[PDB]
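Just one chain is shown here, as structure tokens, and it is the form deposited in one PDB entry.
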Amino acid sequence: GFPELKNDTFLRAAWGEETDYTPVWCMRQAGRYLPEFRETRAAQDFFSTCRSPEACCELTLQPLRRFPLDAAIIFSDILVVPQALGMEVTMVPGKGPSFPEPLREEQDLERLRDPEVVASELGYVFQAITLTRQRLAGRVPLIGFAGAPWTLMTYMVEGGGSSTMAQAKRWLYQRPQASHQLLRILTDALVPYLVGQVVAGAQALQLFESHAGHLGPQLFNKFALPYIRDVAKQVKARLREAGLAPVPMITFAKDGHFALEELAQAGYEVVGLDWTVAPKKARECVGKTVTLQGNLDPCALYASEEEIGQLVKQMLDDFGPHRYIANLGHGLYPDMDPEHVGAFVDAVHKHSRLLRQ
């Protein structure tokens, strides 16, 4: 019972269909690079201006007021899942995302909630999704999301960011059983969470495996890939059994060049790419079935609007007009110019039409 979708270009491209132009959106489009974002977020702490449906809806809508983006992504945080699982977060302005008491011993898994009860703990996200879907009034599709099991595990074990994931990877090598146990707990929580996002109104889903690069092919296929496959399989099944139509699912593995081939067979309609993988080579790895997403170096936006136009033109030529959704290789950075983001969006639309006409 939601408004009928007016612009569905992003969805058609996601399913592999031909479109009049290439649809585009930006990871972190609702982010600190927007002055209005900082003001709204300054209402209260992170997990308060995030637990408010109206606040998330407003943040989600802000970028769409500045740029004709072909999709909106619900504003939230990947860390909401580990939190709903029972872990305490202490979001500070300096460090940012942080778990003061990380998982380090196998025994630490005992403090986690049964993954079956996580969806009920994340009701505020569902409310924000329904509210945003209503307010968007069918302008463009609404993307729902969550972090992949491995990536969520790294935050839970490391306690935050890391340039090596040494503690998390030590778990994989020294505690393989406990690692699989944690990864399964995360999977069993993500499935009902993602299904709930669609029930609440999400029209597409993206699984963020932001810390894929720290693993090599072998560890990835052993600890990340199985669960990435399981998420898509179980979400699709539960949606069908509930009488709902499955939505297109995207798998983004940052620094996951080595896993592109497996990811194209993981049960996702779209495979997101970071900027280090050449578009043509990515096309080779994935095949001709799946849709590819993104890829411009987010830092490319520091260049002039004219230079951004040329970089976008070159990117579109490599990807080709078929099975492609434009985006950056990673999320927008806090110090980027909103005007340069607009130039990126406008360039994709302009050149994608010229590439067709």
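So that there is no doubt, residue numbering starts at 1 and follows the sequence shown.
Averaged over Cα atoms, the B-factor as recorded in the entry is higher for 285 to 293 than for the other of 285 to 293 and 60 to 68. Relative to its counterpart among 4 to 12 and 347 to 355, 347 to 355 has the higher mean temperature factor, C-alpha atoms as listed in the PDB entry. Taking the PDB entry at face value, the top CA B factor among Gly96, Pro248, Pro192, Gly267 belongs to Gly96.
Note on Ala168, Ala224, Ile74, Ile78: the highest value goes to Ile78, judged by CA B factor as recorded. Placement of the Cα temperature factor of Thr154 within the chain: lowest third of the modelled residues, per the deposited record. In this PDB entry, the Cα temperature factor of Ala146 sits in the bottom third of its chain's modelled residues, the lowest group. In the deposited entry, the Cα temperature factor of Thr90 sits in the top third of values across the chain's modelled residues. Looking at the C-alpha B-factors along this chain, the one for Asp274 belongs to the lowest third. In the deposited entry, the Cα temperature factor of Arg113 sits in the middle third of values across the chain's modelled residues.
Below: the form deposited with a small molecule bound, not depicted.
Checking 215 to 223, 73 to 81, 260 to 268, 100 to 108 against the small molecule in the entry with it bound, the stretch whose residues place heavy atoms within 4.5 Å of it is 73 to 81. The closest non-hydrogen atom of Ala166 lies beyond 4.5 Å of the small molecule in the entry with it bound. In the entry with it bound, the small molecule lies within 4.5 Å of some heavy atom of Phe145. Although the partner is absent from this view, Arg66 stays clear of the small molecule in the entry with it bound, with no non-hydrogen atom inside 4.5 angstroms.
In the entry with it bound, at least one heavy atom of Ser210 sits within 4.5 Å of a heavy atom of the small molecule. Exactly one listed residue, out of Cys57, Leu292, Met27, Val312, brings a non-hydrogen atom to within 4.5 Å of the small molecule in the entry with it bound: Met27. When contacts are defined as a non-hydrogen atom within 4.5 Å, none of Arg12, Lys236 and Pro248 contacts the small molecule in the entry with it bound.
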